[PDB]
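What follows is a short report on a single structure.
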Amino acid sequence: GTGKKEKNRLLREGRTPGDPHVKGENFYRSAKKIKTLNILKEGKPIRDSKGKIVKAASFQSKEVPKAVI
Amino acid sequence: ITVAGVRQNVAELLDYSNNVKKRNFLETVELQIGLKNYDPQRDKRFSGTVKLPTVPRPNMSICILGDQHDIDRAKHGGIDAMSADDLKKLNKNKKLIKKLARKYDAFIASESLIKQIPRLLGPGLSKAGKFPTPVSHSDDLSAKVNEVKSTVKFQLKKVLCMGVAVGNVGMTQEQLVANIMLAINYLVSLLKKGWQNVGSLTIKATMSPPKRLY
Amino acid sequence: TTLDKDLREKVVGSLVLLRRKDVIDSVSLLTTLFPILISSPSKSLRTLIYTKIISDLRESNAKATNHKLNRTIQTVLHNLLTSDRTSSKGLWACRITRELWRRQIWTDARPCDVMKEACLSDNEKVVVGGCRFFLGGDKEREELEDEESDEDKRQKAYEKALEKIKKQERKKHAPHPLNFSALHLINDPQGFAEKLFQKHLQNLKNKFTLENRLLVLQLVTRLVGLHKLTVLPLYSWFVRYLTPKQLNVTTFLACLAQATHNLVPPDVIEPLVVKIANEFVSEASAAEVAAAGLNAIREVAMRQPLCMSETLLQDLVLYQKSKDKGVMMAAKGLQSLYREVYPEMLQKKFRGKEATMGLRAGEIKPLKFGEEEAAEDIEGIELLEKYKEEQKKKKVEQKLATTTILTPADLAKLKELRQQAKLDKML
Amino acid sequence: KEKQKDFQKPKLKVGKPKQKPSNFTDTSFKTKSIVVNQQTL
RNA sequence: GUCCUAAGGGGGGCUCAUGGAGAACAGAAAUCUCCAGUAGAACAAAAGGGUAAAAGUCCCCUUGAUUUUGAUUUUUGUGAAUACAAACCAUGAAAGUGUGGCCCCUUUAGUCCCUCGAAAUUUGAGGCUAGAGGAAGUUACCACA
RNA sequence: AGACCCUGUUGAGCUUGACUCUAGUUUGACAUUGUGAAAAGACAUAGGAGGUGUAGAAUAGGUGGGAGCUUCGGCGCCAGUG
RNA sequence: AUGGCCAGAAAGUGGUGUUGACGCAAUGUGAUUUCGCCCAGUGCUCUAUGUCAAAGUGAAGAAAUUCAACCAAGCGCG
């Protein structure tokens with residue numbers, strides 16, 4: 001099934017290699033659909049082996065911004 | 001194409017035009033050119049001019065559209081001329097301007113009147129491809145007429161065939177060869193691919209069988 | 001009209017199917033479909049019949065160009081345009097010609113003549129369709145040109161000069177702007193431009209909208225610039241429109257720039273440039289207005305440089321000291337343009353290096369109206385003869401145009417020598 | 001071009017009508033009539 | 001797709017922005033005259049540093065915006081800059097000043113470049129040198145450390 | 001030493017236009033593969049004939065020469081129309 | 001029935017089949033009573049240009065080789 005490969009699908013669609021390709025994009029999923037459906041998958045931080053957070057979750061920044069006007 | 005071949009081709013051309021069958025007028029030697037591997041509209045139409053060392057055309061009539069001083073120089077040199085008053089008398093009539101363009105093969109204007117030519121004769125000379133050549137009050141009118149007579153035009157248009165006069169029967173063989181080779185070399189220089197675009201070359205008189213270089 | 005929509009679509013599809021089965025003729029199917037396309041009130045039926053007609057033309061000319069069928073259909077479209085100028089049914093002829101031209105099924109000059117009659121029409125939509133045919137095909141022409149092109153410290157300064165020489169060589173051999181096949185294939189371009197200008201642009205009775213008048217103006221100006229025509233009243237017609245208060249004045253200035261060319265007199269362009277300078281580039285004018293005016297002046301000066309006076313050009317070049325970036329870059333563009341073209345008007349501070357060296361040595365000559373090249377010898381022929389003499393001297397140690405045959409290798413060597421001489425002159 | 005100022009200065013465009021001021025209040029509105037497509041019982 | 005990413009060197013002359021007072025039209029604003037004017041002008045950093053017989057502006061000649069070799073700084077090779085060394089120059093009466101701008105794959109070429117290992121030639125290939133360009137989820141069925 | 005959370009060069013089950021494959025299937029060519037007739041298509045050549053948008057005496061692919069050709073009747077240039 | 005759906009490494013192999021559409025096979029829904037439109041997208045299915053493998057053909061070369069047409073099914077179109 002060479003015609004069902006993602007490269008051949010993109011060539012028959014018209015997209016040129018070098019365009020941004022979000023991980024998980026296939027025939028059933030566009031970049032908009034992947035970004036929409038990954039919102040339900042958000043909410044997990046990145047931890048080390050000991051359990052302390054090395055990179056926080058979405059909107060859990062821990063960093064205090066500089067608030068001036 | 002070999003120069004000895006050029007020499008022998010123009011040799012039987014002169015032989016036929018002078019000995020075998022001589023017409024009542026003076027025939028004009030001309031070169032016909034075919035093109036290949038080229039698009040007339042997608043690619044640029046090249047335009048160029050080259051001065052032949054000898055006058056190919058003794059019978060050209062050249063009109064002079066200039067001031068009173070240039071008219072005096074023209075009548076001193078025995079060349080017919082026309083004034084801006086006469087151009088105003090024409091009153092921008094397309095038929096009359098077309099008749100003038102048909103009657104005179106070339107036009108020569110001064111700087112002071114060459115900017116007034118398109119507002120007096122309208123688009124007639126540009127339509128006929130006979131826009132005047134500038135001449136100064138310091139340049140020699142007879143000399144200017146000489147290179148205007150000796151100069152041919154190499155302009156491309158909608159088709160892939162061209163024809164340029166390169167000489168006549170009465171003027172002789174060696175400078176015939178010089179004019180023909182100069183025209184061919186200038187053509188090759190103007191071509192973007194040189195000899196890769198030369199479809200066919202052919203010299204003939206006004207009323208004569210063709211002689212193919214290529 | 002009376003039948004159900006699905007049933008009439010199935011009838012048209014069945015007729016096309018019978019044509020594919022070769023039961024009926026293409027001419028018979030087209031003559032039984034086209035009047036219904038013209039007079040049908042149903043938009044879906046009109047679109048479907050138009051699509052079936054386009055598919056029929058594509059299938060008929062897939063094997064070979066069916067000249068009889070193409071000529072008959074072009075005759076029908078021309079008669080439809082000629083029958084009623086005020087009728088709006090000529091838009092179908094315009095749309096069919098656009099689709100077949102972009103599919104490259106029709107390439108002959110008869111669709112060009114049909115759209116010429118479409119431009120010379122009373123109906124605004126038909127005029128818009130014909131003008132769009134001649135104008136908006138430039139995008140497809142650029143796409144085709146792109147396809148054809150796809151088919152085809154001191155050392156750094158020398159490399160930059162070589163790149164500049166390569167850009168100059170590309171300008172010397174790179175296709176002319178505003179170039180389009182139908183614009184070339186139409187006959188009597190001067191008469192067509194004059195007819196359009198008198199019919200639509202000169203007439204105040206024409207109630208065309210401003211965008212449509214701009215489309216007609218774009219067509220006229222591209223014709224004038226491309227075929228080097230002389231339409232004198234057009235330059236007097238731009239006079240009332242060259243104002244910053246005028247809407248789409250950028251489009252008007254672009255049209256004037258495209259209208260200008262080499263054989264236009266400096267006497268008729270100079271009042272336009274003076275008016276642009278006064279209205280657009282002034283002390284009370286805004287920075288954007290000044291930048292737009294200077295950009296338009298630079299475009300007109302590229303097309304015809306003799307329009308300027310020397311004092312006006314020096315005044316406009318002095319606007320490069322402005323604190324606005326747009327005005328600065330526009331003035332520097334005008335100065336650079338006159339640096340290559342006519343450096344004598346520029347001030348000695350503003351000429352630059354190569355201009356002053358050329359004017360001192362005497363190679364740079366004044367540009368004049370109507371002056372054409374009159375080279376008795378080929379360019380680089382002296383360098384080629386010098387190279388041949390050097391080769392002969394080397395062989396001995398171990399005029400060319402008149403007698404010697406121009407070899408293609410010799411022509412390539414002469415071109416390389418000319419490029420080397422240009423690089424040496426730049427250095 | 002990624003800078004986000006608190007206030008964005010409007011840009012004057014030649015050949016186009018001037019934009020209305022930032023403090024301008026537009027009172028024009030369009031209304032659509034709701035209709036219930038149900039016959040008398 | 002068009003446009004801008006900046007003219008340097010030498011010598012000479014003169015001061016700029018602005019303010020006050022004056023001259024038919026002429027006034028807030030056109031040109032001319034005097035006085036005051038430490039830079040409040042200009043120099044391609046919009047409120048950094050530096051420049052007044054100049055580093056600004058104008059005029060006259062010019063392309064040191066040129067080849068070659070090392071050293072130093074930013075720090076293997078770069079690149080930029082700094083004093084030079086040699087040649088060729090420019091300018092000025094001369095001292096001097098000027099070596100810029102105030103601070104990993106693809107592909108091309110090689111006559112006298114080398115190999116294809118039994119010998120030679122012609123195509124081709126390899127090498128060296130010098131260039132140009134640029135691989136998705138789920139587990140509330142679960143399991144392991 | 002359960003369950004829960006977290007970590008992994010994690011293991012395994014399952015899904016899908018994720019990547020690389022594959023059984024099967026389908027299509028074309030060659031062989032198996034013998035005895036006979038008829039047709040077309042494509043090139044190669046040997047040629048031959050044609051051009052109405054309107055206007056114009058004609059039904060103008062176009063180009064460049066050209067005022068003279070002439071078979072001695074005329075055709076031309078000129079004019080007209082483009 | 002020179003068939004559909006399946007098994008088998010293959011087979012002069014096998015199941016349905018000691019069968020023949022009131023049958024076999026694959027599905028969904030799930031007694032009885034009661035209960036439109038759209039082929040937009042994705043599937044499935046029926047019918048000369050484009051895309052177009054191998055073999056075969058033609059040209060160039062001293063050959064390797066290079067370039068050309070032709071080009072089934074599928075995809076695309078309908």
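As shown in the structure tokens, the chain order sets the letters A, B, ...; within each chain, residues go from 1, and ligands are also counted from 1 in the order they appear.
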Pick out the residues sitting within 12 Å of residue 2 (chain E), and hand them over as a list in words; count only C-alpha atoms (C1' of nucleotides), and ignore anything fewer than 3 positions along from it in its own chain.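 What passes the distance filter is residues 177, 254, 295, 296, 298, 299, 302, 330 and 333 of chain C.
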Write a file of the just-selected residues containing C-alpha atoms, as a compact mmCIF listing (two decimals), in the first residue's frame.
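again_7.txt, freshly written:
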# COMPACT_ATOMS: atom_id res chain seq x y z
CA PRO C 177 7.14 43.07 -17.42
CA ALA C 254 0.74 52.54 -10.80
CA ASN C 295 7.76 55.82 -5.08
CA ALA C 296 5.44 56.75 -7.96
CA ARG C 298 10.65 56.62 -9.06
CA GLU C 299 8.47 54.26 -11.12
CA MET C 302 12.40 54.15 -14.42
CA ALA C 330 12.23 56.03 -1.83
CA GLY C 333 15.93 54.37 -4.86
Tell me which protein, DNA and RNA residues are within 12 Å of region 113-119 of chain E, counting only C-alpha atoms (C1' of nucleotides), leaving out same-chain ones fewer than 6 positions away, and put them as a PyMOL selection string. chain E and resi 125-129
Would you mind exporting the chosen residues as a PDB file, in the first residue's frame, restricted to N, CA and C atoms (P, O5', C5', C4', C3', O3' and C1' of nucleotides)?
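File again-v6.pdb, as written:
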ATOM      1  P     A E 125      31.839   9.475 -14.299  1.00  0.00           P
ATOM      2  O5'   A E 125      32.595   8.584 -13.219  1.00  0.00           O
ATOM      3  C5'   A E 125      31.941   7.495 -12.584  1.00  0.00           C
ATOM      4  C4'   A E 125      32.911   6.650 -11.797  1.00  0.00           C
ATOM      5  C3'   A E 125      33.633   7.343 -10.655  1.00  0.00           C
ATOM      6  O3'   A E 125      32.842   7.469  -9.488  1.00  0.00           O
ATOM      7  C1'   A E 125      35.183   6.091 -11.911  1.00  0.00           C
ATOM      8  P     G E 126      33.066   8.716  -8.502  1.00  0.00           P
ATOM      9  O5'   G E 126      34.446   8.391  -7.774  1.00  0.00           O
ATOM     10  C5'   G E 126      34.548   7.296  -6.878  1.00  0.00           C
ATOM     11  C4'   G E 126      35.982   6.975  -6.532  1.00  0.00           C
ATOM     12  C3'   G E 126      36.777   8.067  -5.841  1.00  0.00           C
ATOM     13  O3'   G E 126      36.473   8.210  -4.467  1.00  0.00           O
ATOM     14  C1'   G E 126      38.088   7.121  -7.545  1.00  0.00           C
ATOM     15  P     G E 127      36.413   9.678  -3.817  1.00  0.00           P
ATOM     16  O5'   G E 127      37.938  10.132  -3.747  1.00  0.00           O
ATOM     17  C5'   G E 127      38.864   9.427  -2.935  1.00  0.00           C
ATOM     18  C4'   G E 127      40.289   9.827  -3.223  1.00  0.00           C
ATOM     19  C3'   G E 127      40.672  11.259  -2.894  1.00  0.00           C
ATOM     20  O3'   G E 127      40.922  11.457  -1.515  1.00  0.00           O
ATOM     21  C1'   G E 127      41.566  10.643  -5.000  1.00  0.00           C
ATOM     22  P     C E 128      40.526  12.846  -0.817  1.00  0.00           P
ATOM     23  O5'   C E 128      41.595  13.882  -1.381  1.00  0.00           O
ATOM     24  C5'   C E 128      42.967  13.785  -1.026  1.00  0.00           C
ATOM     25  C4'   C E 128      43.813  14.720  -1.851  1.00  0.00           C
ATOM     26  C3'   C E 128      43.397  16.181  -1.828  1.00  0.00           C
ATOM     27  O3'   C E 128      43.873  16.874  -0.689  1.00  0.00           O
ATOM     28  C1'   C E 128      43.785  15.507  -4.060  1.00  0.00           C
ATOM     29  P     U E 129      42.997  18.052  -0.041  1.00  0.00           P
ATOM     30  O5'   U E 129      43.140  19.255  -1.075  1.00  0.00           O
ATOM     31  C5'   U E 129      44.400  19.862  -1.316  1.00  0.00           C
ATOM     32  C4'   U E 129      44.375  20.724  -2.555  1.00  0.00           C
ATOM     33  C3'   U E 129      43.343  21.836  -2.572  1.00  0.00           C
ATOM     34  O3'   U E 129      43.737  22.970  -1.823  1.00  0.00           O
ATOM     35  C1'   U E 129      43.311  20.700  -4.642  1.00  0.00           C
TER      36        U E 129
END
List the spatial neighbours of residue 143 (chain E) as a list in words - criterion: any atom at most 12 Å away, only C-alpha atoms (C1' of nucleotides), same-chain residues fewer than 2 positions off excluded.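 Everything that qualifies: residues 139, 141 and 145 of chain E; 10, 11, 12 and 13 of chain F.
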Restricting it to N, CA and C atoms (P, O5', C5', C4', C3', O3' and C1' of nucleotides), dump the selection as a PDB file, in the first residue's frame.
ATOM      1  P     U E 139      -5.350   5.077  28.053  1.00  0.00           P
ATOM      2  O5'   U E 139      -5.544   3.681  28.791  1.00  0.00           O
ATOM      3  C5'   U E 139      -6.666   2.861  28.509  1.00  0.00           C
ATOM      4  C4'   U E 139      -6.361   1.408  28.759  1.00  0.00           C
ATOM      5  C3'   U E 139      -5.597   1.099  30.032  1.00  0.00           C
ATOM      6  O3'   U E 139      -6.452   1.069  31.155  1.00  0.00           O
ATOM      7  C1'   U E 139      -4.690  -0.137  28.219  1.00  0.00           C
ATOM      8  P     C E 141      -9.483  -2.052  30.019  1.00  0.00           P
ATOM      9  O5'   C E 141      -8.901  -3.327  30.769  1.00  0.00           O
ATOM     10  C5'   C E 141      -9.731  -4.126  31.597  1.00  0.00           C
ATOM     11  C4'   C E 141      -9.100  -5.464  31.881  1.00  0.00           C
ATOM     12  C3'   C E 141      -7.919  -5.462  32.839  1.00  0.00           C
ATOM     13  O3'   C E 141      -8.303  -5.423  34.200  1.00  0.00           O
ATOM     14  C1'   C E 141      -7.393  -6.761  30.939  1.00  0.00           C
ATOM     15  P     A E 145       9.887  -7.340  39.930  1.00  0.00           P
ATOM     16  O5'   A E 145      10.974  -6.200  39.708  1.00  0.00           O
ATOM     17  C5'   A E 145      12.190  -6.471  39.029  1.00  0.00           C
ATOM     18  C4'   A E 145      13.007  -5.218  38.859  1.00  0.00           C
ATOM     19  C3'   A E 145      13.079  -4.324  40.083  1.00  0.00           C
ATOM     20  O3'   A E 145      14.078  -4.746  40.993  1.00  0.00           O
ATOM     21  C1'   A E 145      12.560  -3.022  38.177  1.00  0.00           C
TER      22        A E 145
ATOM     23  P     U F  10      12.514   3.718  26.812  1.00  0.00           P
ATOM     24  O5'   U F  10      12.336   2.574  27.906  1.00  0.00           O
ATOM     25  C5'   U F  10      11.203   1.719  27.863  1.00  0.00           C
ATOM     26  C4'   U F  10      11.417   0.450  28.649  1.00  0.00           C
ATOM     27  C3'   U F  10      10.567  -0.734  28.216  1.00  0.00           C
ATOM     28  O3'   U F  10      11.107  -1.429  27.106  1.00  0.00           O
ATOM     29  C1'   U F  10      10.419  -0.490  30.555  1.00  0.00           C
ATOM     30  P     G F  11      10.135  -2.062  25.997  1.00  0.00           P
ATOM     31  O5'   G F  11       9.451  -3.294  26.737  1.00  0.00           O
ATOM     32  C5'   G F  11      10.151  -4.514  26.917  1.00  0.00           C
ATOM     33  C4'   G F  11       9.255  -5.586  27.483  1.00  0.00           C
ATOM     34  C3'   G F  11       8.037  -5.947  26.649  1.00  0.00           C
ATOM     35  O3'   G F  11       8.333  -6.849  25.598  1.00  0.00           O
ATOM     36  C1'   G F  11       7.392  -5.649  28.899  1.00  0.00           C
ATOM     37  P     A F  12       7.552  -6.747  24.199  1.00  0.00           P
ATOM     38  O5'   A F  12       6.064  -7.202  24.543  1.00  0.00           O
ATOM     39  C5'   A F  12       5.755  -8.557  24.837  1.00  0.00           C
ATOM     40  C4'   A F  12       4.391  -8.689  25.472  1.00  0.00           C
ATOM     41  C3'   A F  12       3.213  -8.243  24.622  1.00  0.00           C
ATOM     42  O3'   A F  12       2.784  -9.228  23.703  1.00  0.00           O
ATOM     43  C1'   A F  12       3.033  -7.272  26.758  1.00  0.00           C
ATOM     44  P     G F  13       2.055  -8.794  22.341  1.00  0.00           P
ATOM     45  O5'   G F  13       0.549  -8.519  22.778  1.00  0.00           O
ATOM     46  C5'   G F  13      -0.264  -9.561  23.297  1.00  0.00           C
ATOM     47  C4'   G F  13      -1.599  -9.039  23.764  1.00  0.00           C
ATOM     48  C3'   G F  13      -2.388  -8.230  22.750  1.00  0.00           C
ATOM     49  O3'   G F  13      -3.094  -9.031  21.823  1.00  0.00           O
ATOM     50  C1'   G F  13      -2.352  -7.073  24.795  1.00  0.00           C
TER      51        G F  13
END
Just list the residues in region 241-328 of chain C DSSP gives helix (DSSP H, G or I) on the backbone, as a ChimeraX atom specification. /C:249-259,266-280,287-303,305-307,310-321,325-328
Now that the selection is made, can you save its residues with C-alpha atoms as a PDB file, in the first residue's frame?
ATOM      1  CA  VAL C 249      -4.519  56.967  -5.968  1.00  0.00           C
ATOM      2  CA  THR C 250      -1.911  54.223  -5.541  1.00  0.00           C
ATOM      3  CA  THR C 251      -3.651  52.311  -8.335  1.00  0.00           C
ATOM      4  CA  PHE C 252      -3.801  55.487 -10.443  1.00  0.00           C
ATOM      5  CA  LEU C 253      -0.074  56.160  -9.933  1.00  0.00           C
ATOM      6  CA  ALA C 254       0.735  52.538 -10.801  1.00  0.00           C
ATOM      7  CA  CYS C 255      -1.343  52.879 -13.977  1.00  0.00           C
ATOM      8  CA  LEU C 256       0.503  56.069 -14.953  1.00  0.00           C
ATOM      9  CA  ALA C 257       3.837  54.332 -14.332  1.00  0.00           C
ATOM     10  CA  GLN C 258       2.805  51.400 -16.529  1.00  0.00           C
ATOM     11  CA  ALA C 259       1.592  53.816 -19.217  1.00  0.00           C
ATOM     12  CA  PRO C 266       9.352  64.336 -21.792  1.00  0.00           C
ATOM     13  CA  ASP C 267       7.074  67.316 -22.467  1.00  0.00           C
ATOM     14  CA  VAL C 268       3.855  65.430 -21.704  1.00  0.00           C
ATOM     15  CA  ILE C 269       5.128  63.514 -18.663  1.00  0.00           C
ATOM     16  CA  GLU C 270       6.800  66.460 -16.907  1.00  0.00           C
ATOM     17  CA  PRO C 271       3.526  68.197 -15.803  1.00  0.00           C
ATOM     18  CA  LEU C 272       2.445  64.890 -14.248  1.00  0.00           C
ATOM     19  CA  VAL C 273       5.721  64.533 -12.322  1.00  0.00           C
ATOM     20  CA  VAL C 274       5.535  68.184 -11.216  1.00  0.00           C
ATOM     21  CA  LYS C 275       1.953  67.690 -10.013  1.00  0.00           C
ATOM     22  CA  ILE C 276       2.897  64.523  -8.099  1.00  0.00           C
ATOM     23  CA  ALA C 277       5.828  66.380  -6.535  1.00  0.00           C
ATOM     24  CA  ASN C 278       3.673  69.348  -5.502  1.00  0.00           C
ATOM     25  CA  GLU C 279       0.665  67.441  -4.155  1.00  0.00           C
ATOM     26  CA  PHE C 280       2.466  64.471  -2.611  1.00  0.00           C
ATOM     27  CA  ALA C 287       5.255  60.848   5.639  1.00  0.00           C
ATOM     28  CA  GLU C 288       3.168  58.111   3.997  1.00  0.00           C
ATOM     29  CA  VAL C 289       1.928  60.543   1.330  1.00  0.00           C
ATOM     30  CA  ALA C 290       5.493  61.683   0.621  1.00  0.00           C
ATOM     31  CA  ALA C 291       6.725  58.083   0.419  1.00  0.00           C
ATOM     32  CA  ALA C 292       3.922  57.088  -1.971  1.00  0.00           C
ATOM     33  CA  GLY C 293       4.564  60.125  -4.164  1.00  0.00           C
ATOM     34  CA  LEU C 294       8.312  59.507  -4.275  1.00  0.00           C
ATOM     35  CA  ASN C 295       7.757  55.821  -5.083  1.00  0.00           C
ATOM     36  CA  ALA C 296       5.436  56.748  -7.964  1.00  0.00           C
ATOM     37  CA  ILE C 297       7.963  59.328  -9.184  1.00  0.00           C
ATOM     38  CA  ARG C 298      10.653  56.624  -9.061  1.00  0.00           C
ATOM     39  CA  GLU C 299       8.474  54.257 -11.122  1.00  0.00           C
ATOM     40  CA  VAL C 300       7.788  56.930 -13.750  1.00  0.00           C
ATOM     41  CA  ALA C 301      11.490  57.782 -13.781  1.00  0.00           C
ATOM     42  CA  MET C 302      12.398  54.146 -14.417  1.00  0.00           C
ATOM     43  CA  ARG C 303      10.010  54.032 -17.363  1.00  0.00           C
ATOM     44  CA  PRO C 305      14.003  59.228 -17.161  1.00  0.00           C
ATOM     45  CA  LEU C 306      13.879  62.398 -19.268  1.00  0.00           C
ATOM     46  CA  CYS C 307      10.719  63.687 -17.553  1.00  0.00           C
ATOM     47  CA  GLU C 310      17.801  68.628 -12.828  1.00  0.00           C
ATOM     48  CA  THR C 311      16.793  70.951  -9.978  1.00  0.00           C
ATOM     49  CA  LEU C 312      13.667  68.899  -9.233  1.00  0.00           C
ATOM     50  CA  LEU C 313      15.650  65.655  -9.243  1.00  0.00           C
ATOM     51  CA  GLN C 314      18.268  67.060  -6.856  1.00  0.00           C
ATOM     52  CA  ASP C 315      15.460  68.346  -4.612  1.00  0.00           C
ATOM     53  CA  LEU C 316      13.839  64.903  -4.553  1.00  0.00           C
ATOM     54  CA  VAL C 317      17.155  63.126  -3.902  1.00  0.00           C
ATOM     55  CA  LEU C 318      17.745  65.468  -0.950  1.00  0.00           C
ATOM     56  CA  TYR C 319      14.719  63.811   0.722  1.00  0.00           C
ATOM     57  CA  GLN C 320      16.951  60.867   1.691  1.00  0.00           C
ATOM     58  CA  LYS C 321      17.978  62.826   4.788  1.00  0.00           C
ATOM     59  CA  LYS C 325      12.348  55.341   6.630  1.00  0.00           C
ATOM     60  CA  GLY C 326       9.921  55.151   3.706  1.00  0.00           C
ATOM     61  CA  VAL C 327      10.815  58.609   2.389  1.00  0.00           C
ATOM     62  CA  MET C 328      14.511  57.809   2.894  1.00  0.00           C
TER      63      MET C 328
END
For region 8-12 of chain E, please output as number ranges by chain all residues within 8 Å (counting only C-alpha atoms (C1' of nucleotides); exclusion window: fewer than 5 positions along the same chain). E: 62-65, 90-92, 97-98, 100-101
Just the residues within 10 Å of residue 16 (chain G), please, counting only C-alpha atoms (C1' of nucleotides), with nothing from its chain fewer than 6 positions along; format it as a PyMOL selection string. chain G and resi 5-6+24-25
Would you put the residues from that selection into a file with N, CA and C atoms (P, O5', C5', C4', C3', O3' and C1' of nucleotides), as a PDB file, in the first residue's frame?
ATOM      1  P     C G   5     -15.492 -14.100  -2.359  1.00  0.00           P
ATOM      2  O5'   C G   5     -15.604 -14.678  -0.882  1.00  0.00           O
ATOM      3  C5'   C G   5     -16.593 -14.197   0.013  1.00  0.00           C
ATOM      4  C4'   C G   5     -16.752 -15.111   1.198  1.00  0.00           C
ATOM      5  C3'   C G   5     -15.463 -15.592   1.833  1.00  0.00           C
ATOM      6  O3'   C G   5     -14.871 -14.629   2.684  1.00  0.00           O
ATOM      7  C1'   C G   5     -16.946 -17.414   1.583  1.00  0.00           C
ATOM      8  P     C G   6     -13.299 -14.704   2.990  1.00  0.00           P
ATOM      9  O5'   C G   6     -13.177 -15.907   4.020  1.00  0.00           O
ATOM     10  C5'   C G   6     -11.955 -16.598   4.170  1.00  0.00           C
ATOM     11  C4'   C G   6     -12.148 -17.937   4.820  1.00  0.00           C
ATOM     12  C3'   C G   6     -10.929 -18.835   4.817  1.00  0.00           C
ATOM     13  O3'   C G   6      -9.971 -18.496   5.803  1.00  0.00           O
ATOM     14  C1'   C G   6     -12.794 -20.079   4.114  1.00  0.00           C
ATOM     15  P     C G  24     -28.968 -23.437   4.052  1.00  0.00           P
ATOM     16  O5'   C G  24     -27.522 -22.929   3.611  1.00  0.00           O
ATOM     17  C5'   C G  24     -26.489 -23.847   3.286  1.00  0.00           C
ATOM     18  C4'   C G  24     -25.323 -23.162   2.615  1.00  0.00           C
ATOM     19  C3'   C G  24     -24.639 -22.066   3.411  1.00  0.00           C
ATOM     20  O3'   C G  24     -23.752 -22.540   4.406  1.00  0.00           O
ATOM     21  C1'   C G  24     -25.007 -21.311   1.209  1.00  0.00           C
ATOM     22  P     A G  25     -23.639 -21.741   5.792  1.00  0.00           P
ATOM     23  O5'   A G  25     -22.854 -20.413   5.406  1.00  0.00           O
ATOM     24  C5'   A G  25     -21.504 -20.470   4.976  1.00  0.00           C
ATOM     25  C4'   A G  25     -21.051 -19.154   4.403  1.00  0.00           C
ATOM     26  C3'   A G  25     -21.191 -17.948   5.313  1.00  0.00           C
ATOM     27  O3'   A G  25     -20.165 -17.849   6.281  1.00  0.00           O
ATOM     28  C1'   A G  25     -22.030 -17.406   3.189  1.00  0.00           C
TER      29        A G  25
END
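The residue set within 12 Å of residue 54 (chain G), counting only C-alpha atoms (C1' of nucleotides) and dropping same-chain residues fewer than 2 places from it, reads residues 28, 29 and 30 of chain F; 56, 71 and 72 of chain G.
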Atoms kept (C-alpha atoms (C1' of nucleotides)) for selection, written as a PDB file, in the first residue's frame:
ATOM      1  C1'   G F  28       1.200  -6.763 -17.385  1.00  0.00           C
ATOM      2  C1'   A F  29       5.335  -9.292 -19.750  1.00  0.00           C
ATOM      3  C1'   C F  30       8.255 -14.055 -20.832  1.00  0.00           C
TER       4        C F  30
ATOM      5  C1'   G G  56       9.187  -4.834 -25.820  1.00  0.00           C
ATOM      6  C1'   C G  71       2.569   2.198 -21.604  1.00  0.00           C
ATOM      7  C1'   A G  72      -1.964  -2.970 -18.022  1.00  0.00           C
TER       8        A G  72
END
For the structure I just gave you, how does DSSP split region 155-198 of chain B - specifically, which residues are strand (DSSP E)? Reply as a ChimeraX atom specification. /B:161-168,198
Taking C-alpha atoms for each residue, export the selection above as a compact mmCIF listing (two decimals), in the first residue's frame.
# COMPACT_ATOMS: atom_id res chain seq x y z
CA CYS B 161 11.11 34.05 -39.56
CA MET B 162 13.13 37.16 -40.41
CA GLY B 163 14.37 38.85 -43.56
CA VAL B 164 17.12 41.48 -43.82
CA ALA B 165 18.63 43.11 -46.90
CA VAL B 166 22.43 42.78 -46.92
CA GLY B 167 23.42 44.15 -50.32
CA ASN B 168 22.59 44.41 -53.99
CA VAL B 198 19.67 29.21 -36.15
Select residues of chain A: the criterion is any atom within 10 Å of an atom of chain F, counting only C-alpha atoms (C1' of nucleotides); output as a PyMOL selection string. chain A and resi 1-9+23-28+47-52
Using only C-alpha atoms (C1' of nucleotides), which protein or nucleic acid residues come within 12 Å of residue 59 (chain B)? Drop anything in the same chain fewer than 3 positions from it, and give the result as a list in words. residues 25, 26, 27, 28, 55, 56, 62, 104, 105, 106, 149, 150, 167 and 168 of chain B
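Atom pair CA of residue 246 (chain C) / CA of residue 210 (chain C) has a distance of 10.8 Å (rounded to one decimal).
The space between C1' of residue 76 (chain G) and CA of residue 43 (chain C) spans 27.5 Å.
Rounded to one decimal, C1' of residue 85 (chain E) and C1' of residue 70 (chain E) lie 8.7 Å from each other.
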Only residues of chain E matter here; which ones have an atom within 8 Å of chain C, counting only C-alpha atoms (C1' of nucleotides)? Give them as a list in words.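 Listed by rising number, the hits are residues 3, 4 and 7 of chain E.
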